[PDB]
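Before any questions on binding or motion, here is one chain by itself as structure tokens, the form deposited in one PDB entry.
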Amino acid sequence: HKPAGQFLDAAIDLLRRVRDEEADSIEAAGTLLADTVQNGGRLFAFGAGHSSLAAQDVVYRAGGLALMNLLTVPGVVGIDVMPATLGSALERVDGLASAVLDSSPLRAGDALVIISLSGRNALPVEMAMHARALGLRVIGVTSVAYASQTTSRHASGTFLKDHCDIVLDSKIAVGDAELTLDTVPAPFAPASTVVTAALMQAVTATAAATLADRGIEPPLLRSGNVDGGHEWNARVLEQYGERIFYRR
């Protein structure tokens, strides 16, 4: 009955829904990442604001693939921007996504994951449209419910899900808040980062296992906070440096 238990039970139920409903899509996404690695392509992940947190969770990560890179749009990487409200305004700016993609090392055949719960703003929609125009394969992590219950804020009238090769449904109901209290007018307690981080790890774990099953040793990193982790990782980062853009 207490709020903590209600929230955690809501988050568990959402993870169960992802496990039971998105198993085949997670497999397809992990397979696309493994194909891209095998074929010599690069891997990138993007999200704006709090959707950036799931993208970051798979980059330079203990237990994660060394080959996953972050596509950084300045001002929308997490909520670090001053003022934080500028992050929200930048999600509406047409042309930011193309500036960032065109400057990046992404090329035809690469894979880009785009995390956007709503999928409705100009920046993630444009990011997907322009990435596909550049020949990238695009995986979206998005709550498809928003596409029927909200209006697109992109000029095209379309949502992120309309421009993805693979769509992973992150299930969160409109409002991104799992609890209500009779005395309290706004809902509270968002689970979207819990779910998207979990979805992202399921995808990259699938990619790692798929590489392994093909006789390809997955380039996995170890935690730098267990003795010996940084030495292990140094080997891996050097080995795959050509497709890694967060170090040299």
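Residue indices: 1-based, along the sequence shown. Superpose the two forms; the largest set of C-alphas matching within 1.5 Å is the rigid core. Shifts are known only where both forms have a C-alpha.
- Taking the PDB entry as given, 208-216 carries the higher mean Cα B factor of the two stretches 208-216 and 55-63.
- Ranking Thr142, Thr72, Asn121, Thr150 by Cα temperature factor from the entry places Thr150 first.
- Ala155 sits in the highest third of its chain by CA B factor, as recorded in the PDB entry.
- Ranked by C-alpha B-factor against the other modelled residues of its chain, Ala108 falls in the highest third.
- In this PDB entry, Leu33 carries a Cα temperature factor that places it within the middle third of its chain's modelled residues.
- Among the modelled residues of its chain, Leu199 has a C-alpha B-factor that falls in the lowest third, as given in the PDB entry.
- When all modelled residues of the chain are sorted by CA temperature factor, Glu91 is found within the lowest third.
Beyond what is shown, the protein has a form deposited in another entry; the following relates to that form.
- Among the residues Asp20, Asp24, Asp9, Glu231, the single one whose Cα moves by at least 2 Å between the shown form and the other one, once the core is superposed, is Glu231.
- Between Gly228 and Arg214, the Cα distance is smaller in the other entry than in this structure, by no less than 3 angstroms.
- Core-superposed comparison between the shown form and the other one: residues with C-alpha shifts of 2 Å or more form a single run of three or more, at 223-239.
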